[PDB]
Each structure stands twice: as C-alpha cells, then as structure tokens.
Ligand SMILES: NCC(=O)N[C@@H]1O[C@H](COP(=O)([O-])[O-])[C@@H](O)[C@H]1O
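Next comes just one chain, in structure tokens: the form deposited without the ligand.
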C-alpha cells in the first residue's frame, strides 16, 4: 500500500500518518511527501522518518498547468494507491482531481459542508457556533467537493480564545485521518458515484455515524 502525502506547513497530520504506518495501524507506507512550501516543517518530519521529499514551488513554474503536470508526473512515479492531502494549501485543478479519482483523500478543518474556505476556526467563533470539528472526505470534481467519510465533533466554549477550537480540532484530526486511511488500506473504503462506501455500505452525507 503506497501512500503519497501532500503538505504545505507544520505537518502534524503527516506525522500522525507516519506514526500509524510505523506501528502498522495503517498497513502501508508513506512513499513520498510533497510540499508546495520550501520551509514546511513537515519536510523535516518526513526526512527524519526516512521518507523521500519533493518540493514544487509555484514561482518556479511558467504556468499553473506546468506545475500540475510536474506534480502529477512526480507523484505517479511512486505508484500511489492513495494520495492524501494533509494541509496542502494549493487549489487543485479539475484535471488533477480527476486523475486521482477515488484515490484522493483530504482533511478539512470544518464540518463539511461548512466553512469550505480558510480560517474555518475563525468563522466558527464569529458565528458563535456551539460545536465545530473536522472532516475527512474523498476529493472529486462534483458540485460538492466529494463524499465525506468521517467527521469529528468538537465543542466550543464562550471565551474561546481561538485555540482549543484550533488545537481541540487538531487533536481529533490526528485520530480520524489515520483511521480513515487504515480503512482504505484494508480495502474497506471505496468511492463510487460520488459517494463513500464503507464495507459495502453507502455512507450518509456526514460520513460514518
């Protein structure tokens, strides 16, 4: 089971995946880590875990398509069974998404469908939300960003600084992501007709409940 992870920053989620593979919780290996930021701490985490790293900087390419072509080419060299986005802050092209059909996973710091943008934790506070969270889903080129696989709930308290909305959700992310990937690794999770299927069971819009 070949796993290729895409990051842009710290890589705490990448670490959770690396740790899960190391303990065999996930019956596979992270073959390579791709970063679109030259100073991502995740590049160190990967290097320390003995994982090959590739850094593709936008400013280093002539066009958007040229970047995606290099990204697809280099990723495909690892024959990945699954491509997981773990904090990758680059908008993927429809062509890229299509190329990795039901092999592309992503974790969003929000209760999809909700705050499908940035500063999700910020909007959760403004709106005065009583509960926030994160969502793992399949990435597809449909009206909706693809079927949700698993969501983790987190309660918001009043004087919520910003953090432990931010760090409370991150704690949930480190648990649900490696679990969803282990499911995929075991062959229990599939993507059909823009819908997530766990053990032959179609999952609801909110993922597994």
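Numbering follows the first chain given and starts at 1.
There is another form of the same protein, the form deposited with the ligand bound; it is not shown, and what comes next is about it.
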Item to check | Listed range touching the ligand, judged in the deposited complex by heavy atoms within 4.5 Å, from 179-187, 26-34, 47-55, 166-174 | outcome: 166-174
Item to check | in the deposited complex, residue 102 touching the ligand (heavy atom, 4.5 Å) | outcome: no
Checklist entry - Do residue 75 and the ligand share at least one heavy atom pair within 4.5 Å in the deposited complex? => result no
Next on the checklist: Taking the ligand as it sits in the deposited complex, is residue 160 in contact with it (heavy atom to heavy atom, 4.5 Å or less)?
Outcome noted: no
Checklist entry - Applying a 4.5 Å heavy atom distance criterion, does residue 194 contact the ligand in the deposited complex? => result no
